[PDB]
Amino acid sequence: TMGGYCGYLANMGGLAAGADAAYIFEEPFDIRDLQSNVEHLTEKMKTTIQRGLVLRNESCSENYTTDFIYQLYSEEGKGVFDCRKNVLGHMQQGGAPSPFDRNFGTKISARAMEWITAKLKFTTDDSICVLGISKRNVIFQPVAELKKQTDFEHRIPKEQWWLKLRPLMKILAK
Amino acid sequence: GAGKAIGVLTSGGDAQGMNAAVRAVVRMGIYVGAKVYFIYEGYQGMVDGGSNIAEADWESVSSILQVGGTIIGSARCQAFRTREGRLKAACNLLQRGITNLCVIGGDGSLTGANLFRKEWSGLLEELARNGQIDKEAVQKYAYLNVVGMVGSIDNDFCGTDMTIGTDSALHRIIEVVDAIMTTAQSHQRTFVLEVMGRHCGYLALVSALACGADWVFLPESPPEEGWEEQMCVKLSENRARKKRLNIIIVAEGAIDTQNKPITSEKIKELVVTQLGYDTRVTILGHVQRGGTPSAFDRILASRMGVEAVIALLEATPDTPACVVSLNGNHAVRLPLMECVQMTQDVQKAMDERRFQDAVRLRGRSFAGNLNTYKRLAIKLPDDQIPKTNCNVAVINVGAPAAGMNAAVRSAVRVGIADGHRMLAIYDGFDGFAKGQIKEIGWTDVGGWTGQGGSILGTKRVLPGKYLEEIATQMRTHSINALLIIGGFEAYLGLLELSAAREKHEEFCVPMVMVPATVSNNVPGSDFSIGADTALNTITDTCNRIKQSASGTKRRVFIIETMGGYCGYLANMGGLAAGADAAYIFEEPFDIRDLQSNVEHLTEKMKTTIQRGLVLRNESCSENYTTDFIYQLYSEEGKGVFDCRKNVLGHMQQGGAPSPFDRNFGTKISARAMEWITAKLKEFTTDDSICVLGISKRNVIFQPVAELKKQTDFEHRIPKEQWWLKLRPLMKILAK
Amino acid sequence: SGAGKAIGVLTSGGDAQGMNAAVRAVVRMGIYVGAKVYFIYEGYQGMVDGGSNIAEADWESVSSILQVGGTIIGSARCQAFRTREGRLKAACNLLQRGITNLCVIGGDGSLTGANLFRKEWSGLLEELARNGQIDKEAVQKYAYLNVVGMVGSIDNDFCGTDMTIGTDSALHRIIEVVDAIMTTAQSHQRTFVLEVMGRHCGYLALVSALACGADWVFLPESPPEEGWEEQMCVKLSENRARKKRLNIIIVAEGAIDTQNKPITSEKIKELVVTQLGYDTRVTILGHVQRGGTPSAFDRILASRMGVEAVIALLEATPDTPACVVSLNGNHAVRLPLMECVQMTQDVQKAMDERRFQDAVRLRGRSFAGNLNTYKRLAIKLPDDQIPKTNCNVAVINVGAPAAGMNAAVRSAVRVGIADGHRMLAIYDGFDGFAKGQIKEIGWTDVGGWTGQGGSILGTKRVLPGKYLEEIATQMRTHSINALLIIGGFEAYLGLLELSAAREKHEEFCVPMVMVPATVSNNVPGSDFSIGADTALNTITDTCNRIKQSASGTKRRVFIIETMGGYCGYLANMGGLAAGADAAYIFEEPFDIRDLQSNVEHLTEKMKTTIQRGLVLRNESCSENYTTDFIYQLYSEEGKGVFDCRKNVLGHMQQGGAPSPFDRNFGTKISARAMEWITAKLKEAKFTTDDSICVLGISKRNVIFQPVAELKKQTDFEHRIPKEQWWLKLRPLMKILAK
C-alpha cells in the first residue's frame, strides 16, 4: 500500500482487513521476524482458514521490498501454500470520499475559517499554525514548535498515536 | 582422523598453483581438527628449525590462491642429506608433535621423505638414547607417514594424465602464440619456439596441437630420417596453400636419432639457407612458470590438497609413500616406489634408440595426442585420397561456445583425410532450413584454432517447426552423414530427428553429436567444449572483483554466473576462485542455509580477510533470485559489511579459446569423424543417433534413445552428474 | 569540406599495434566526406609494381580489423623506391586511379621518403609525360600532391611528439611478461634481466621500468656514470637487505656506456657473478613487444589521428609543406615533416658525440620528467644522509577502489622520504581517519606495490562532514602537517568540506593536495584520473570478446551498460575504441527519434557481412530511457532482422592489474604532488585557499587548481564537471559507424 513512510494505511489496514502481518517502517524487522511469520503461517494451513493476508508499507525497508516478501513466502511455503503478490496503485485515493471524510472535511474547515476571522498575532510564528486532533477536540499548534516531534527525512512525525495499537493486532492473528 | 599434526613443505621444482595446493592442505587439516605447520626453505628449515616451523591457520592460506609460485619457498637443501643434520631435523618435528609430513615438491625432493620414513625408528631411538626426548614420545610419535604431490612443469613423473602446473604453463605458451597469430599475418614468416621439459616433451605436444603448428621436436619420438628435407617441404607447402604463418615448437632437450640435442639455432639456419623465410628464434624461458594459475590447475591443486591430507591419517603404519595425482574424474593415489621406476624406464627407453616404446610408455594421453597431431598436420595429396563418394557435413547448433572453431578445423581435415568431401551447414538449423550449405576444403579451416565464437554460425532453433525444410534440403546436397557440435540444443534436435524416421526417410543416417557449451549440461558427457574458457574467465573476473572487494574493506559481491540450470560454472567457479558460497539448482537451500552463510560471513570480517565471494547460478531458483541474495546480505549485514551485486552475462563465453578447449575440440572431433567412417561402410536402428561423452577417462557413444531417462527435460540438465561429489570439498574450504 | 579526389593510405617501415585501427578511421573518413579511398599494399613495395596492390576500400572492409594487431596492408624491404631508379614507376600508378592525396603511416624512414616524393612530384610528372605514358592535361591536373605522415613505431624514434601509436600497446606486452615473472622468482632467489625494444630511442625502457618499479635501467641516450659496474652491484646488494628478493634490470636494444660501445645483456649476466653471486636468467623480448591486441589508448589515438590526417589532406593547400599529424592535449595539431626530420637529425648528432645531456632534453618534455622522477624514486640515498625536516606527511585513499591507487602511495612516500619527511599512512580512507589506523610506513613497506589493484591502505566513499572532530583528534596525536588524498569526486567534496572547517578546527590549516583517482574521469579540474586506462582497456577488451559471440550468432546486437555514474568517459571513449555503433551518454541529449534512427541504421548494416551490433550506455544516461528500454526497443523494431541481448558489466570494469598507463600516471602526478607539499612545507600563515588544490591536467603540463575556483565549472547534482574535453570527440565517434 501507499502512504510513503507512514504505516498508517498498513497498520490500520491490516487490523480491519484481518491481515496476519503488517510490516511498516516504524517497526524494525529482520529475517527472524520474517521467518516467524512464515512458521506461524504454515501452522495456519492445517486449520479451516487456509488463506493468508500480509500488508507492507510503500517504503518500510530499503532491502525487504514487496518482491522480497513474495519471494521468501513462496519458497519457504513450497508445498503448503502458493502465494502471490499485488501492488495497490492510486486506486486507494479513489473517487467518492468516505462518509467519515465528508464530515471531517467540513467540521475542521469551519473551525479553521473561524480562526481566520478571529485573528483577521500579526507577524510571528503562531499566525502560521496547524489544525490537529489531540484527543476529542481540535488544537491549533504553531508550525514553529512542531519541529522536535517530526522527522523531515521520512515526512512522518516522530511519536505517533496509533503505534500503541501495535501491541494489539498480533493477538488477533496468531 | 584427528589429534595428529601435519607439516607441509615445498622443495625442488616450482609451478603455478603451488599456493593453491598448500591452501587446501592447511584448510583440510584444520577442518578435521589437526595441527598444520609450515616448513620454510624445504628440508633446510627442518634442520635449522626455530622460526622455520610455524603453525598455520585459516587466515594464512587466504588471498594466495591466485598467486603463482609458492609462498613457502622452494629451496634445495644440503645438510638434510646427512644423518647428522637429519637428527637435528627429526628432533625439530618432535617439538611441535609433527607426526605427518606432506612434501609438495617437484620430483627429486620426494625421495628425501622416503628415507625419512625408514629412518624414523632409528632417529627417534637416538633422541631417547641421548635423553633429549621422553620415552613416551618415541612410542606416541612412533611412525611417520609421508605423502607427495607433483608440483613441477617438467612432468617427468609418469603414472597420471596431468600434474599441477601443466595447464598453467600451457596457458603461458599459448598466450604467446596468440600474440603472434594476430600479428604475423602482415608478412609471411615462421616463428620457432622453445618450451621447457628436457625428458618429457609433453608441453610441446599439446601446445603445438592447440595452436596448430607444422612440426614438433620431441625428446621421445625423434623426427624422421631426413627431417631437414621433410620439414622444409612442409614449410614450403603451406607457403602456397594459403598459410602465411608457420609455428615450429621445439622442446628444451629435443634429441635426434642419437643423444645429440637439436638446438633452435640449427633450425634457424635450416630455414634460412634453403627456405629464406624470415625466422626469429624465441626461447620461452621461465615465463612458462609464471602468470596466474589457470582454473583447471586451481581445481586440481584444491582437489589434491584435500586428497593429500586424507592420504596421511588413513595411511597405515606399514603403507608405502604415495604421490597423489588426478585420474580422470575421480583421482587416485600412486606408490612412490613405482613412480620412480617409470621415470628410469623412460630414460633407458630413450637411451640407445628404442624411441618406439618411449611413446607407448607415456600413456594413452601422449599416444592419443601424437596420433591426432600426426594425422592433422601431415596432409596426403588429394590424388592419393580414397574417395568414398560420401558427403559429410558439420554444423553448430546452440550457444556460441568458445573453441567451437577449433573443433570444426579438426572435423573437416580428418574428414578429408578419411576420403570424404566436407560441407558446412552455416547458421545451424536456421541455415539448414534456409540452405546455407557450402563445400569447404583443407585450406578453408586454416588457422581456425584460436578464434572464439563461431565461424559457421549457430542458432538455438530446433527442427519440427521447420522439419519440412530440413527434410527437403537434406535430400538435395546428398548428405549421408551428420555431425553436430553444440550444447543442449543439439541434444533436443537429435531426439526430434529420431522420431521423424518413418514419416521422413532421409533422417535414417548416422548422426553423432559433439558437446560444445559453457553450461556443461549435455547429458551423457562430463565435460563440454568451452566450459574451461568460461571457467577461466569467471574466476579471473572474480579475482578482478575480489581485488576491489579487498581494496574497499568489508565488501561482499553477489555474482550471478550463467549456465542455465546447470551449476558447473557456479560450483567449479566457486572452487577455483575460493568463493564463500556457490548456490546451484541441484543443491536446494532455504532461508536457514542462507542465514547460516551470513553468520559464517560475519565471523570472517573479524579476521584479516574482510572480504566475501559468493556466486549464484543463473536459474538456481525462481524465488531466491540474485537481488534476493543482495537484499538479504545488505540488510542482515548492516553495520558489519556493505554489499553490492554484479551479473557477468555473455562475457563468460565467446572469448579467447582456452588451451584446454583448443585441444578438447581438436581431439574428440577427430574421434567423432572416426565413428562416422566406422559406420559409413554399408541406419535402421538406434545406435546411429548417439552423442560423444566422457565417462571416466576414455570416451563413449551413448545413443539418445536411452538417454531420455537420465536427463531432466524440465531443467535441461542431466539427472546424475560427476562434479556433485566436489560439493563437500568446496564447502569445507570456506571456514 | 572536400570531395572528388582520391586518398591513398599505406603502412611502411615501422608497423606497430593499432595500425589497423588507423586505416579503419582513414578509410571511413575519406568515404564520409570525400570520394574514393584506396589501399596501398606492402607499403612502398606496392607503389612500384601496383596493379593488384592498389584496390578500392569501402566501409565494410575496415570493420573486423579494429581488434587485430599489426597491419592488414603489409610491408617489406623496398630498394626500388628509396633510390630514384624505379621510383618513376611508383609515381606512375597513382595517376591511373586518380590518387592525388597520400597518407603514410610509418614513423621511421617511411616519413622521410614521403617528403622526397612531394619534392620530386613536380619532377617525376614531367618525365612520365615525356616518356609518352600519361596525358598532358593530367600532368597539370594532378601537378600538386598533398601528403600527411602518421607515426607508428614502438621505438618512438620520431622525437617530434611524446606518445605515438604503438607505445602503449608495446608497453603492455613488456609489463605482462614482468607480472608473470613476479610470481616465480619468489621461489628461488634470483634476478632477471630483460631487453626491451629500444634501439635508437630508449623511451620504451624508461616508462616500462618506471611502471614495474625496476632497480636500474640502461638507456641508449643517457649513459650510466663511469663506474656503474661497482655501483650497480652495491645497489643490487641493497635490495637484498630491503627484503626485495626480486630484482629487475631493464636494458634497451642499443644501450651504450660512456663510449659508443653497446651494453649487452650478456655483459650484465657476467657482472652479477663477480661481486654478488646471485642466479640470473637473461630474457630478450624480440618481436613479442610489437604483437598482441592494441590497447585502448592506441585504439583511440590511431582513430583520432585516423581522422585528423584526412582533415589535414583536403584542407591543406597545395603550397603548404608536408605535415605529420600528432595528438597532444585537447585538440590535435599538425607538425611539419621538414621540421620533424630536423629534430631527428639533431638527436642523432648529439648521440654521436659525448654530449648526451643535450640529446635527452631534445627528445621531449615527457622523457625528461620520466627520467628525473624515476632516478629520484629508484635511487635511495642513505638513511644517515636524509635531510629530515621534522615533519609528518600523510597519504590517504578516499573514494572508489580504482586501479593504480596502490602505485600512487608508492611514489608519494618514497619521494617524501627522500625529501626529508617521515611518512604516516591513514588506512581505510576518511572512515579510518576518524577511527585512527594511522601508521608510519617507509621504503620497504611500499616495496613492489606497483602491480596490485584496489588499495592496500583501503578506500572509502565516506564524506568527512559529520565525523570531523574525530579526525582532528588523530591529526594532533600524530602531528600531521600535510595530507595527500588519492581519490575521485569524494576527495573533491572532502577537500571542500575541509575548507569550511578551517574557520572551526585549527589543525586543518595544513597544506593539502588531491590526486585524481577514479574510473570515470569525473574529477573536476582534471582531464585524466588514475584507473581510467585500466577500466578503458577492460571494457574494450571485454566488449571485443562479446563481439566474437555476436560474430557467430549472426544478426545479434548486444546492449552493454557501463559504469561511471554520469560521466560518459567510459561509454564514449569505450565506444570509440571498441567500435560501438552507438554510445548513449547523459551529456548528449537523445530522444525517441534519434534512438529509432540508430535502429534504422542497424537494419541496413545487417545486410552487409558485418551482422553484429555493439551499443553502450552509461548507467545514468536517462532516468526514463533505461538499459532495458534499449533492449526492449531494439528487439521489437528488429524482430525480423536482428535480435538483441543485455549485459550489465558492473564492477568488472575497474580493479585488476593496473594498466601500464595508470602505472606510470599515478607514479608521476603523485611525485609532483609531494614536490608541491615539500615546497609549501618550507616556510619558517598556513591559512590560505591555495593549500587545498587538486593536481589536474590542462593540456600537456600539470596545473595546481585550488578548490575555491573549481566550484564554478562543476555540477554537484550530476557528479561531473560542466564542460568536458572529450565531448569534442562526439561527432568524431558517430561518423565512424555511418
# chains A, B, ... in the order shown; residues from 1 in each chain; ligands from 1

call {"tool": "interface_residues", "arguments": {"of": "chain B", "to": "chain A", "cutoff": "12 Å", "atoms": "only C-alpha atoms", "output": "number ranges by chain"}}
result
B: 588-596, 598, 621-638, 643-644

call {"tool": "write_last_selection", "arguments": {"atoms": "N, CA and C atoms", "output": "PDB file, in the first residue's frame"}}
result
ATOM      1  N   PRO B 588      19.436 -27.695  -3.148  1.00  0.00           N
ATOM      2  CA  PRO B 588      18.458 -26.727  -2.641  1.00  0.00           C
ATOM      3  C   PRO B 588      18.938 -26.065  -1.358  1.00  0.00           C
ATOM      4  N   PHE B 589      18.310 -24.935  -1.044  1.00  0.00           N
ATOM      5  CA  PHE B 589      18.651 -24.178   0.152  1.00  0.00           C
ATOM      6  C   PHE B 589      17.475 -23.284   0.518  1.00  0.00           C
ATOM      7  N   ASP B 590      17.262 -23.103   1.820  1.00  0.00           N
ATOM      8  CA  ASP B 590      16.193 -22.275   2.346  1.00  0.00           C
ATOM      9  C   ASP B 590      16.785 -21.007   2.968  1.00  0.00           C
ATOM     10  N   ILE B 591      15.978 -20.305   3.765  1.00  0.00           N
ATOM     11  CA  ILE B 591      16.466 -19.106   4.437  1.00  0.00           C
ATOM     12  C   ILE B 591      17.365 -19.442   5.620  1.00  0.00           C
ATOM     13  N   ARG B 592      17.311 -20.678   6.124  1.00  0.00           N
ATOM     14  CA  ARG B 592      18.205 -21.069   7.208  1.00  0.00           C
ATOM     15  C   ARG B 592      19.624 -21.284   6.698  1.00  0.00           C
ATOM     16  N   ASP B 593      19.768 -21.957   5.553  1.00  0.00           N
ATOM     17  CA  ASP B 593      21.086 -22.101   4.946  1.00  0.00           C
ATOM     18  C   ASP B 593      21.616 -20.765   4.445  1.00  0.00           C
ATOM     19  N   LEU B 594      20.722 -19.851   4.061  1.00  0.00           N
ATOM     20  CA  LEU B 594      21.154 -18.520   3.648  1.00  0.00           C
ATOM     21  C   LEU B 594      21.618 -17.699   4.845  1.00  0.00           C
ATOM     22  N   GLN B 595      20.884 -17.771   5.959  1.00  0.00           N
ATOM     23  CA  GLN B 595      21.289 -17.047   7.158  1.00  0.00           C
ATOM     24  C   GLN B 595      22.533 -17.660   7.788  1.00  0.00           C
ATOM     25  N   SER B 596      22.687 -18.984   7.699  1.00  0.00           N
ATOM     26  CA  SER B 596      23.893 -19.622   8.214  1.00  0.00           C
ATOM     27  C   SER B 596      25.129 -19.182   7.441  1.00  0.00           C
ATOM     28  N   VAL B 598      25.417 -16.104   6.192  1.00  0.00           N
ATOM     29  CA  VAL B 598      25.675 -14.746   6.659  1.00  0.00           C
ATOM     30  C   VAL B 598      26.408 -14.775   7.995  1.00  0.00           C
ATOM     31  N   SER B 621      16.959 -20.895  -8.567  1.00  0.00           N
ATOM     32  CA  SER B 621      15.614 -20.936  -8.013  1.00  0.00           C
ATOM     33  C   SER B 621      14.827 -19.753  -8.555  1.00  0.00           C
ATOM     34  N   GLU B 622      13.506 -19.922  -8.626  1.00  0.00           N
ATOM     35  CA  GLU B 622      12.638 -18.859  -9.113  1.00  0.00           C
ATOM     36  C   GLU B 622      12.336 -17.814  -8.048  1.00  0.00           C
ATOM     37  N   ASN B 623      12.588 -18.122  -6.776  1.00  0.00           N
ATOM     38  CA  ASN B 623      12.320 -17.198  -5.678  1.00  0.00           C
ATOM     39  C   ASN B 623      13.594 -16.524  -5.179  1.00  0.00           C
ATOM     40  N   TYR B 624      14.564 -17.312  -4.713  1.00  0.00           N
ATOM     41  CA  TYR B 624      15.841 -16.775  -4.242  1.00  0.00           C
ATOM     42  C   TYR B 624      16.644 -16.306  -5.452  1.00  0.00           C
ATOM     43  N   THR B 625      16.298 -15.116  -5.938  1.00  0.00           N
ATOM     44  CA  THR B 625      16.946 -14.550  -7.109  1.00  0.00           C
ATOM     45  C   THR B 625      18.272 -13.898  -6.720  1.00  0.00           C
ATOM     46  N   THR B 626      18.915 -13.260  -7.701  1.00  0.00           N
ATOM     47  CA  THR B 626      20.180 -12.584  -7.437  1.00  0.00           C
ATOM     48  C   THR B 626      19.980 -11.369  -6.541  1.00  0.00           C
ATOM     49  N   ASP B 627      18.898 -10.618  -6.759  1.00  0.00           N
ATOM     50  CA  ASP B 627      18.615  -9.469  -5.906  1.00  0.00           C
ATOM     51  C   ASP B 627      18.200  -9.901  -4.505  1.00  0.00           C
ATOM     52  N   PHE B 628      17.634 -11.103  -4.368  1.00  0.00           N
ATOM     53  CA  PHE B 628      17.269 -11.600  -3.045  1.00  0.00           C
ATOM     54  C   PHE B 628      18.504 -11.815  -2.181  1.00  0.00           C
ATOM     55  N   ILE B 629      19.563 -12.387  -2.760  1.00  0.00           N
ATOM     56  CA  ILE B 629      20.811 -12.545  -2.022  1.00  0.00           C
ATOM     57  C   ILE B 629      21.451 -11.189  -1.759  1.00  0.00           C
ATOM     58  N   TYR B 630      21.302 -10.245  -2.691  1.00  0.00           N
ATOM     59  CA  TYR B 630      21.871  -8.915  -2.494  1.00  0.00           C
ATOM     60  C   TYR B 630      21.099  -8.133  -1.439  1.00  0.00           C
ATOM     61  N   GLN B 631      19.773  -8.285  -1.409  1.00  0.00           N
ATOM     62  CA  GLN B 631      18.971  -7.561  -0.428  1.00  0.00           C
ATOM     63  C   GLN B 631      19.153  -8.137   0.971  1.00  0.00           C
ATOM     64  N   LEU B 632      19.260  -9.464   1.080  1.00  0.00           N
ATOM     65  CA  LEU B 632      19.438 -10.080   2.391  1.00  0.00           C
ATOM     66  C   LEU B 632      20.821  -9.786   2.957  1.00  0.00           C
ATOM     67  N   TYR B 633      21.855  -9.845   2.116  1.00  0.00           N
ATOM     68  CA  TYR B 633      23.209  -9.578   2.584  1.00  0.00           C
ATOM     69  C   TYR B 633      23.420  -8.109   2.928  1.00  0.00           C
ATOM     70  N   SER B 634      22.595  -7.211   2.386  1.00  0.00           N
ATOM     71  CA  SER B 634      22.734  -5.791   2.692  1.00  0.00           C
ATOM     72  C   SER B 634      21.991  -5.420   3.970  1.00  0.00           C
ATOM     73  N   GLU B 635      20.825  -6.025   4.202  1.00  0.00           N
ATOM     74  CA  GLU B 635      20.047  -5.709   5.394  1.00  0.00           C
ATOM     75  C   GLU B 635      20.571  -6.458   6.614  1.00  0.00           C
ATOM     76  N   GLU B 636      20.728  -7.779   6.500  1.00  0.00           N
ATOM     77  CA  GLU B 636      21.254  -8.563   7.611  1.00  0.00           C
ATOM     78  C   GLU B 636      22.723  -8.270   7.880  1.00  0.00           C
ATOM     79  N   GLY B 637      23.445  -7.739   6.896  1.00  0.00           N
ATOM     80  CA  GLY B 637      24.840  -7.398   7.081  1.00  0.00           C
ATOM     81  C   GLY B 637      25.056  -5.921   7.336  1.00  0.00           C
ATOM     82  N   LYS B 638      24.016  -5.234   7.801  1.00  0.00           N
ATOM     83  CA  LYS B 638      24.120  -3.805   8.063  1.00  0.00           C
ATOM     84  C   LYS B 638      25.026  -3.550   9.261  1.00  0.00           C
ATOM     85  N   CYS B 643      27.543  -4.506   0.793  1.00  0.00           N
ATOM     86  CA  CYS B 643      27.497  -5.483  -0.284  1.00  0.00           C
ATOM     87  C   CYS B 643      26.849  -4.870  -1.516  1.00  0.00           C
ATOM     88  N   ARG B 644      27.344  -5.279  -2.680  1.00  0.00           N
ATOM     89  CA  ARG B 644      26.806  -4.903  -3.980  1.00  0.00           C
ATOM     90  C   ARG B 644      26.396  -6.171  -4.729  1.00  0.00           C
TER      91      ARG B 644
END

call {"tool": "select_by_dssp", "arguments": {"residues": "stretch 394-444 of chain C", "states": "strand (DSSP E or B)", "output": "PDB file with N, CA, C and O atoms, in the first residue's frame"}}
result
ATOM      1  N   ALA C 394      51.112  12.776   5.459  1.00  0.00           N
ATOM      2  CA  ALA C 394      50.185  11.656   5.437  1.00  0.00           C
ATOM      3  C   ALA C 394      49.602  11.465   4.043  1.00  0.00           C
ATOM      4  O   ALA C 394      49.375  12.429   3.306  1.00  0.00           O
ATOM      5  N   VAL C 395      49.363  10.204   3.690  1.00  0.00           N
ATOM      6  CA  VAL C 395      48.734   9.831   2.430  1.00  0.00           C
ATOM      7  C   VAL C 395      47.476   9.035   2.743  1.00  0.00           C
ATOM      8  O   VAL C 395      47.444   8.260   3.705  1.00  0.00           O
ATOM      9  N   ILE C 396      46.438   9.229   1.931  1.00  0.00           N
ATOM     10  CA  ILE C 396      45.142   8.611   2.180  1.00  0.00           C
ATOM     11  C   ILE C 396      44.485   8.294   0.844  1.00  0.00           C
ATOM     12  O   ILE C 396      44.659   9.015  -0.143  1.00  0.00           O
ATOM     13  N   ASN C 397      43.740   7.191   0.814  1.00  0.00           N
ATOM     14  CA  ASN C 397      42.982   6.766  -0.359  1.00  0.00           C
ATOM     15  C   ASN C 397      41.501   6.857  -0.013  1.00  0.00           C
ATOM     16  O   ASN C 397      41.001   6.076   0.803  1.00  0.00           O
ATOM     17  N   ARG C 422      59.150  12.211   7.539  1.00  0.00           N
ATOM     18  CA  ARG C 422      58.634  10.905   7.919  1.00  0.00           C
ATOM     19  C   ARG C 422      57.193  10.761   7.445  1.00  0.00           C
ATOM     20  O   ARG C 422      56.407  11.713   7.487  1.00  0.00           O
ATOM     21  N   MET C 423      56.853   9.566   6.974  1.00  0.00           N
ATOM     22  CA  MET C 423      55.595   9.320   6.285  1.00  0.00           C
ATOM     23  C   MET C 423      54.644   8.543   7.183  1.00  0.00           C
ATOM     24  O   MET C 423      55.019   7.511   7.749  1.00  0.00           O
ATOM     25  N   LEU C 424      53.419   9.045   7.309  1.00  0.00           N
ATOM     26  CA  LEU C 424      52.345   8.362   8.010  1.00  0.00           C
ATOM     27  C   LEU C 424      51.286   7.921   7.009  1.00  0.00           C
ATOM     28  O   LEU C 424      51.087   8.557   5.970  1.00  0.00           O
ATOM     29  N   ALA C 425      50.608   6.822   7.328  1.00  0.00           N
ATOM     30  CA  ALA C 425      49.616   6.225   6.442  1.00  0.00           C
ATOM     31  C   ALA C 425      48.275   6.168   7.158  1.00  0.00           C
ATOM     32  O   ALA C 425      48.176   5.605   8.253  1.00  0.00           O
ATOM     33  N   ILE C 426      47.251   6.745   6.539  1.00  0.00           N
ATOM     34  CA  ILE C 426      45.894   6.732   7.072  1.00  0.00           C
ATOM     35  C   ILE C 426      45.129   5.632   6.349  1.00  0.00           C
ATOM     36  O   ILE C 426      44.786   5.770   5.169  1.00  0.00           O
ATOM     37  N   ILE C 438      46.288   5.206  11.930  1.00  0.00           N
ATOM     38  CA  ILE C 438      47.416   5.947  11.378  1.00  0.00           C
ATOM     39  C   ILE C 438      48.699   5.225  11.770  1.00  0.00           C
ATOM     40  O   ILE C 438      48.972   5.025  12.959  1.00  0.00           O
ATOM     41  N   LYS C 439      49.484   4.828  10.770  1.00  0.00           N
ATOM     42  CA  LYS C 439      50.691   4.047  10.991  1.00  0.00           C
ATOM     43  C   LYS C 439      51.791   4.529  10.057  1.00  0.00           C
ATOM     44  O   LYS C 439      51.540   4.803   8.880  1.00  0.00           O
ATOM     45  N   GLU C 440      53.006   4.633  10.590  1.00  0.00           N
ATOM     46  CA  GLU C 440      54.151   5.035   9.785  1.00  0.00           C
ATOM     47  C   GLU C 440      54.518   3.934   8.798  1.00  0.00           C
ATOM     48  O   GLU C 440      54.594   2.757   9.164  1.00  0.00           O
TER      49      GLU C 440
END

call {"tool": "residues_around", "arguments": {"residues": "residue A:115", "least_positions_apart": "5", "cutoff": "12 Å", "atoms": "only C-alpha atoms", "output": "PyMOL selection string"}}
result
chain A and resi 108-110+120-121+126-131+138-140

call {"tool": "write_last_selection", "arguments": {"atoms": "C-alpha atoms", "output": "PDB file, in the first residue's frame"}}
result
ATOM      1  CA  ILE A 108     -12.430  21.212  10.858  1.00  0.00           C
ATOM      2  CA  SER A 109     -12.558  23.589   7.875  1.00  0.00           C
ATOM      3  CA  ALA A 110     -15.193  25.717   9.618  1.00  0.00           C
ATOM      4  CA  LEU A 120      -8.167  38.862  10.998  1.00  0.00           C
ATOM      5  CA  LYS A 121      -0.597  37.646  16.385  1.00  0.00           C
ATOM      6  CA  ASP A 126       1.986  31.360  15.582  1.00  0.00           C
ATOM      7  CA  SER A 127      -0.011  33.214  12.921  1.00  0.00           C
ATOM      8  CA  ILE A 128       1.030  30.227  10.787  1.00  0.00           C
ATOM      9  CA  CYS A 129      -0.393  27.209  12.620  1.00  0.00           C
ATOM     10  CA  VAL A 130      -1.926  23.784  12.006  1.00  0.00           C
ATOM     11  CA  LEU A 131      -5.247  22.140  12.940  1.00  0.00           C
ATOM     12  CA  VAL A 138      -9.097  20.160  17.890  1.00  0.00           C
ATOM     13  CA  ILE A 139      -5.927  22.123  18.665  1.00  0.00           C
ATOM     14  CA  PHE A 140      -4.144  24.980  16.877  1.00  0.00           C
TER      15      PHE A 140
END

call {"tool": "residues_around", "arguments": {"residues": "residue A:55", "least_positions_apart": "3", "cutoff": "7 Å", "atoms": "only C-alpha atoms", "output": "ChimeraX atom specification"}}
result
/A:10,14,19,21-23

call {"tool": "interface_residues", "arguments": {"of": "chain C", "to": "chain B", "cutoff": "6 Å", "atoms": "only C-alpha atoms", "output": "ChimeraX atom specification"}}
result
/C:68-72,74,180-181,183-184,187,291-292,401,454-455,458-459,545-546,548-549,552-553,647,650,652,655-656

call {"tool": "residues_around", "arguments": {"residues": "stretch 100-104 of chain B", "least_positions_apart": "4", "cutoff": "10 Å", "atoms": "only C-alpha atoms", "output": "number ranges by chain"}}
result
B: 4-14, 18, 21-22, 25, 35-37, 39, 42-43, 74, 93, 109-113, 116-117, 141, 143-152, 305, 308-309, 311-313, 315, 323-324

call {"tool": "select_by_dssp", "arguments": {"residues": "stretch 114-147 of chain A", "states": "helix (DSSP H, G or I)", "output": "number ranges by chain"}}
result
A: 114-119

call {"tool": "write_last_selection", "arguments": {"atoms": "C-alpha atoms", "output": "short mmCIF file (atom, residue, chain, number, x, y, z; two decimals), in the first residue's frame"}}
result
data_model
loop_
_atom_site.label_atom_id
_atom_site.label_comp_id
_atom_site.auth_asym_id
_atom_site.auth_seq_id
_atom_site.Cartn_x
_atom_site.Cartn_y
_atom_site.Cartn_z
CA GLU A 114 -13.29 30.80 12.40
CA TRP A 115 -9.61 31.09 13.34
CA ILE A 116 -9.05 33.35 10.32
CA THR A 117 -11.91 35.71 11.21
CA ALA A 118 -10.84 35.78 14.87
CA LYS A 119 -7.26 36.83 14.10
#
